[PDB]
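Accompanying notes for the structure given below.
What follows draws every value from the coordinates through simple rules; no lab data is involved. Because the Cβ atoms are built from the backbone with ideal geometry, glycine has one as well, and the counts that use them run over all protein chains shown.
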Amino acid sequence: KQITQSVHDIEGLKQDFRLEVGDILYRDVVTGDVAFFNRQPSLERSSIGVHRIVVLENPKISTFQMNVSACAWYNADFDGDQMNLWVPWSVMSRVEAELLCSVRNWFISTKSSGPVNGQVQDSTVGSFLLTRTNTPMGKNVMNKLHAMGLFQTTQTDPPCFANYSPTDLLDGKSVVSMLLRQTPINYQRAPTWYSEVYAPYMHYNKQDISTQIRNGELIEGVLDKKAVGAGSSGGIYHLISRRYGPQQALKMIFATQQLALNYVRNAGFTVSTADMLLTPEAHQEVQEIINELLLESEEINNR
Amino acid sequence: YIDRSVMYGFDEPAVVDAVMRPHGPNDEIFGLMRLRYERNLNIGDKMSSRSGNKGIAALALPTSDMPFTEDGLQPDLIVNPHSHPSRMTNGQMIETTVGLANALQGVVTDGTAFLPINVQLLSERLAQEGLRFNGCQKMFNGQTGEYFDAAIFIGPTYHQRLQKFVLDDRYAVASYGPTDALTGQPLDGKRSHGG
Amino acid sequence: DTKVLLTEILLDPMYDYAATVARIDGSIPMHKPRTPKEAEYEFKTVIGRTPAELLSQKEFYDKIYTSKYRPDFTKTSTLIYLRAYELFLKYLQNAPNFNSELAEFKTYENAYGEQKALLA
Amino acid sequence: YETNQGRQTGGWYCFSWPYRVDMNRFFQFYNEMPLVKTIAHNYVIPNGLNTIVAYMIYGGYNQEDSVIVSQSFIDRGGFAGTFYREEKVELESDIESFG
Amino acid sequence: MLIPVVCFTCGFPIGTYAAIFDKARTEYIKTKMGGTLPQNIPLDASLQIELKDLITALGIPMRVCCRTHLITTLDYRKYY
Amino acid sequence: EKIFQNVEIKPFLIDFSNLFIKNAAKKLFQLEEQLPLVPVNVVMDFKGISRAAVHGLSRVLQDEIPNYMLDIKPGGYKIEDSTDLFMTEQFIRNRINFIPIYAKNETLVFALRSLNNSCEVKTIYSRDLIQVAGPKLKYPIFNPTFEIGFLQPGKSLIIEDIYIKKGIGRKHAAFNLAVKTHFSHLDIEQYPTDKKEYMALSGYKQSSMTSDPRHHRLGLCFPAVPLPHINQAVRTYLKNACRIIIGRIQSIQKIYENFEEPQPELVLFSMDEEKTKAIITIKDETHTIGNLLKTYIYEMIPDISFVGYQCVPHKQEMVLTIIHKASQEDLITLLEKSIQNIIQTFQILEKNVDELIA
Amino acid sequence: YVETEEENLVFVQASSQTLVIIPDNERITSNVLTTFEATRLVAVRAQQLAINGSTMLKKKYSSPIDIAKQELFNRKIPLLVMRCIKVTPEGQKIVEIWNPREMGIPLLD
Amino acid sequence: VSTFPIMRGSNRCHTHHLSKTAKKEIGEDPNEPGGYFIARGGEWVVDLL
Ligand SMILES: [Mg+2]
Ligand SMILES: [Zn+2]
């Protein structure tokens, strides 16, 4: 109360019942407030960023929850890391936070001038699965219902599927393009999925070894670490930031992440002990290669 | 008179269970009460398999939302497949692929280090147990009921709850509290109740 | 006087052991003394003397409660439990041939622990 | 890392826990001998459970070594237990008194 | 400290058949063991004890979760 | 119309052909027959029904059906009278909570009074639970063989207020009713997954992204039903599940038929090219109602611009977004037709349950 | 504590300064606000509204940060930017006084 | 005039003449071997230097 120049607990403010101009009210943090988010050690300029507060009303939760793509700012993982968070309360601090310390300013690294955020692990493999041409079942298509299911949880404005019959089969590149048209860019690069070292073995689909985007229309190749991965220079999010802004780059990162995650929600992905088990012929071939290594080593020994 | 009473302090409510006022070495009495806390596995508590893969528990999915196999089996923990290749913790996967057959046969096996092991023969044991050669099974998405296209590797992996609790480590202090007398700054740490 | 003695005696492990053996033989109530008046009863039965009598004299380790079954140490778990308590009392009062009796009871407890390890 | 975590693991921390008054000790109610045990378990009590683990992608909530836990497995008693703390205070002299 | 009332994973009440299963397993181990001390049973290289038929006779289905948590859960009365 | 075809019912029985089982049961429990309550397995076949409806039925039976628990009233665990130092209130409460009961009356209050008058470690069993309240039980509501915590020698444990608590398995898992045992689509062909070339696939010869299975087989297991009333217990469960789903769909319909008075659950926008966007928010709703609504709306409006929902784990709510090339009244009436379709198919399922199992 | 010793080598009222202002035709600093200057202007105006409350915006806003941000965007900020790098020993401060209503505004988005 | 701290389980520990059940009722772990020192309400382990 400015009239009394003292602070008061609302437990005894029942009779006053009102505020007045020149009064200062200390109110609980709400969704949409800006909060400073830090992880020691603070080595980079992006170690302290301003995120928007999303209050989780479930009382059983006591952790700080943040998108996996945001870890690249703080070099954090979820193996037990602890991070600091303080909500600015002064008006100058809030203005400064939301205008200068917002994490959109740190999307492009101050260190290497490239992007730091992107798709990591789950979303990278999900984008690869979604954008590839053929699945083991044949063509990589989905009906209208599952195409809409992909866009269910992107928080954007969902596109128009009124032109598709319920039995119409939408390609993965189709839905990725319907997402990328909101920020049309041009991208043409080989994907990390295509490697010369693998090439002699396994038959690469010729429609997957070259990624091409024209004005947001992804019509070629797959999306993987080179195109959407975090810290990939010249990736699609870097171009989105250059053309439309780092905030739009973060929005596109989230949207593409949700596309990939939902496509894997319906496509599934796993690693098994038999994925890493060689066939007996392959085991004999590995033995032969190692025997040749040891043979030339023993030739050195004989010399 | 004057007051030197002790305040509880901790945000997490506790229960008292201690009837004792002992007789110390200096021949004087002291309190020594014991507080009991009800600790389930909260979101944020750390777990780890015997191969050294730590992981913070962040999801509380009801039993209906959990993915389930064709024959009703659902997991307790869902761990990301990406946690394996960089760490090369193949012991965890072999433990799972042996534990499936062991659970089906109702046996317990020795997986001590440097004992003879044949991954091919363990997988053939899985096959002769009625499951697939790999531990993979047909799972259905719990939320939507749709089946995943890829057969999912699911089995019993021994897991440990590391004693780094979220409720112990979380802290939040308001705009006031105890201050250091010398520099006028808040005291250090959660124990000092500020800073 | 009586207060510090009550605290100290209540906190000995020996008091707990003797009191639980008394509870087993139904000499003291299986409640824990609800009001001081029954606490005197529990002290008298467990230790053998009222606290004032304990302070009066200087020989305290013998009149402790002894099992009111006198089991034939020659159902198996009952025998082991009561013989172990008797050997605990004998050690506390320093009975003459404690060492060889402890050796043979250690052998018997080893056999019983093996048979309990089979159940594990 | 396992040598560290197995020693950090919550379980039956002390067989005589009720008699003790220990600061910051956690007693995990349910423990299981691993389906794949080792020679070490002849000499020490195992600490943990044979949780059913699915190595799969589910909504991306388990990225960067997080774990998705069934709420029912939590409720039924998985990895639950009791956590203990102790508050002891002695009088400075006869000047003080509890009350 | 005991076999859980229900399987942790799924909730099938294995606790009904627990108390029967401990004694039945003890009896079956008695027959399948040989000249081997109880503390050396988890060390025998010529010892194989399958509880599949026993649990099946208990009426517990061919579920990995239920059988795991039945045959593996430690009993406090056995160690303390 | 027979959506719900034949149903197999098979209780889980104790096989006294094993000598060890018979000897153990007679040695401690004096058990010579099957238990008063048995876990029954129910396998059901559905035809001409969307996957969403079958999975919603499955989920509802799993956790969302209001089920009963045994619980301890606060203060029931007598700290003074319970001597045992190992049987904490938390451990015994957890043991007693997850005893699957088949309770017909909600006023049955049980009490535990166990004194270990001996030198052996006495084990408390479920037969130690003494009922003093409500009508006298002519049939036990739980098996008398459950192991509640043991007792050390000379120790006692007294719990005087153990009552029957109603809840749904979603909030607390002790209310979970059914456990799944099977689920498979009968119209989709399946590969021989035993072969190497197909081991890494789900087995179905169609992708999940394109499949629309209409013939299912849903297998559920119920943890404890009375031995001589298995069919009636199963029918009660299935009819209750259908009733719950109908009730929740009707609750959504209640706000649907109120296209004015902008309640903070329905917000309708007309935007851009005469398109209508409808957002529905229900707090504490799950993927059951959301997936049902989405599936049946997409059935009713095959050329819809966009229908989709999201049950975010936080915010604890379902937000259903429908965009269609129609006026607000037209979209509302189409969605009401979809809701009535859901109600109709679940009434058909209930009627077929009664026809089939009986 | 021993200071590890490399032991390396090397009128209390200041005279008042007259504020000399560079004429607008000789200002060499950029005519576009730096994000620092824009942030500072928005913060200063937002706090001033927090303490005073008067405004010149025809649209009602419920938060001072929004009123200040929109005042900056619509080029009616009642604050001048004084850019100053000079202090001569002669006791003279050389500053450039910039009106943000004439300067270009950075992204801030 | 001296008192020397006794390691739990050593031949001068009182538990050395107590049986496993006797330790159980006293308050010791029957299965734990000992090898630590009790000093001012704590347990201390003299490590192998
Ligand atoms: Mg870390
Ligand atoms: Zn189970």
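Compactness ratio of chain D: Cα Rg over 2.2 N^0.38 Å, N = residue count?
After normalising by residue count via 2.2 N^0.38 Å, the value is 1.54.
Counting C-alpha atoms alone, how compact is the range B:17-96: give Rg to one decimal and Dmax as a whole number, in angstrom.
Cα-based Rg and Dmax for the range B:17-96 come out at 21.9, 68 Å.
Pairing the Cα long axis of helix F:328-356 with the longest principal axis of chain F, what angle in degrees results, from 0 to 90 and rounded to the nearest 10?
That helix lies at roughly 40 degrees to the long axis.
Please report, to one decimal in angstroms, the Kirkwood hydrodynamic radius of the range G:28-82 built from all distinct Cα-Cα pairs.
The answer is 11.6 Å.
Taking chain A as a Gaussian network, Cα atoms linked when under 10 Å apart, which of A:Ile219, A:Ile290, A:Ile61 shows the biggest mean-square fluctuation?
A:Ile290
Could you name the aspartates and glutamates in cross-link range of F:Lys2, using Cα to Cα under 16 Å and dropping any fewer than eight places away on the same chain?
F:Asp45, F:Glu350, F:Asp354, F:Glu355
Taking Cα atoms, how many degrees apart are the long axis of helix F:287-300 and the longest axis of chain F, rounded to 10 and kept between 0 and 90?
The answer is roughly 30 degrees.
How big is the range C:1-73 on each of its three principal axes, counting only the C-alpha atoms and giving the largest first in Å?
40, 29, 18
Find the relative contact order for chain E and round it to a whole percent, using C-alpha pairs within less than 8 Å whose residues are 6+ positions apart. Write out the running numbers ahead of the final one.
On the way: 64 pairs, mean separation 38.2, N = 80.
The normalised contact order for chain E reaches 48 percent.
Rounded, prolate or oblate: which one fits chain F, using the alpha carbon gyration tensor with axes a ≥ b ≥ c (rounded when a/c is under 1.5, else prolate when a/b beats b/c, else oblate)?
Values: a/c = 2.53, a/b = 1.75, b/c = 1.44.
In terms of gyration-tensor shape, prolate.
Do the alpha carbons of any pairs in F:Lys26/F:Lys239; B:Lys46/F:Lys283; B:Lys46/D:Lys37; F:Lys325/G:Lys59; F:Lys10/F:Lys254 sit beyond 28 Å of each other, and which pairs?
Long pairs (Cα-Cα over 28 Å): F:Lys26/F:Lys239; B:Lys46/F:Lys283; F:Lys325/G:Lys59; F:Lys10/F:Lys254.
Positive end of the dipole of chain F, charges at C-beta (+1 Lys, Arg; -1 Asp, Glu), about the Cα centre: which of F:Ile301, F:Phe142, F:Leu220 has its Cα farthest in that direction?
Looking along the dipole axis, the top candidate is F:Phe142.
Given a Förster radius of 30 Å and the C-beta distance between A:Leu85 and F:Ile279 as r, what FRET efficiency does 1/(1 + (r/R0)^6) yield to the nearest 0.05?
0.45
Please state the relative contact order of chain A as a whole percent: Cα pairs under 8 Å, 6+ residues apart?
17
Suppose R0 equals 51 Å. What FRET efficiency, 1/(1 + (r/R0)^6) with r the Cβ-Cβ distance, do A:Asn215 and G:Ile94 give to the nearest 0.05? Mind showing how you got there, number by number?
Details: r = 51 Å, r/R0 = 1.00.
Once the sixth-power term is evaluated, E becomes 0.50.
Between the range E:27-80 and the range C:68-120, how many Å separate their Cα centres?
If you average the Cα positions of each part, the centres end up 30 Å apart.
Assign unit charges at the C-beta atoms only (+1 for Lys and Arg, -1 for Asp and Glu), then state the dipole size of the protein assembly as shown relative to its Cα centre in Debye, rounded to the nearest 20.
Values: 136 positive and 149 negative charges, 442 e Å.
Computed about the Cα centre, the dipole is about 2120 debye.
Mark the label point 7 Å from the Cα of A:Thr192 along Cα→Cβ and return the residues of the range D:59-92 whose backbone N is within less than 15 Å of it.
Those under the cut-off are D:64.
Ignore the peptide's own chain and count Cβ atoms of other chains within 10 Å of each Cβ in B:11-23; give me the average, rounded.
Details: counts 1, 3, 0, 4, 5, 2, 8, 5, 2, 5, 5, 8, 5.
Mean partner shielding for this stretch: 4.
Please work out whether the range F:278-358 counts as rounded, prolate or oblate from its C-alpha gyration tensor, where a ≥ b ≥ c are the square roots of the eigenvalues and a/c under 1.5 means rounded, while otherwise a/b larger than b/c means prolate and anything else oblate?
oblate
Apply the a/c threshold of 1.5 to the C-alpha gyration tensor of the range F:144-294 and tell me whether it is rounded, prolate or oblate.
oblate
Could you work out the mean projected area of the convex hull around the alpha carbons of the range D:50-99, in square nanometres to one decimal?
One quarter of the hull surface, i.e. the mean projection, equals 7.7 nm².
What nm distance separates the two modelled labels at F:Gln232 and F:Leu137, each placed 7 Å from Cα along Cα→Cβ?
With each label point 7 Å from Cα toward Cβ, the separation is 1.8 nm.
Each label point is 7 Å from the Cα along the Cα-to-Cβ direction; what then is the distance between the points at E:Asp44 and A:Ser112, in nm?
Placing both labels 7 Å beyond Cα along the Cβ direction yields 6.0 nm.
Within chain A, how many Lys pairs sit with Cα atoms under 21 Å apart, leaving out pairs fewer than 8 places apart on the same chain?
Going through chain A pair by pair, I get 14.
How large is the Rg to Rh ratio of the range F:63-214 when both quantities use alpha carbon positions and Rh follows Kirkwood?
The Rg/Rh ratio comes out at 1.22.
Looking only at Cα atoms, what is the convex hull volume of the range F:204-358 per residue, in Å³?
Taking only Cα atoms, the range F:204-358 has a hull volume of 155 Å³ per residue.
With the calculation restricted to Cα positions, what are the radius of gyration and Dmax of the protein assembly as shown in angstrom?
Taking only Cα atoms of the protein assembly as shown, I get Rg and Dmax of 35.9, 117 Å.
Past the 30 Å Cα-Cα mark, which pairs from C:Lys3/H:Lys24; F:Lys315/G:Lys76; F:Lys27/F:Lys155; E:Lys32/F:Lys180; C:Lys116/F:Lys73; F:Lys73/F:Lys171? Kindly include the intermediate steps, with their values, before the conclusion.
Details: C:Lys3/H:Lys24 28 Å; F:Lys315/G:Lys76 40 Å; F:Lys27/F:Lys155 25 Å; E:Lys32/F:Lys180 35 Å; C:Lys116/F:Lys73 37 Å; F:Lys73/F:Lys171 18 Å.
Too far apart for the 30 Å limit: F:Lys315/G:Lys76; E:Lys32/F:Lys180; C:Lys116/F:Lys73.
Taking only C-alpha pairs under 8 Å that are 6+ residues apart, what is the relative contact order of chain B in percent?
Contact order relative to length: 20 percent.
Quick one: pull the percentage of alpha-carbon pairs in chain A with a separation above 38 Å.
Result for the distance tail: 34 percent.
Placing one identical point scatterer on every Cα of chain B and ignoring solvent, what is log10 I(q)/I(0) from the Debye formula at q = 0.08, 0.10, 0.19 Å⁻¹?
-0.50, -0.68, -1.43
At 7 Å along Cα-to-Cβ for each site, give me the label-to-label distance between C:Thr50 and H:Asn11 in nm.
4.6
Using the alpha-carbon atoms, what tilt in degrees (0 to 90, nearest 10) does helix B:119-128 show relative to the longest principal axis of chain B?
For B:119-128 against chain B, the angle is about 70 degrees.
What FRET efficiency comes out for the pair F:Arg243/A:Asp275, r = Cβ-Cβ distance, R0 = 60 Å, nearest 0.05?
Once the sixth-power term is evaluated, E becomes 0.85.
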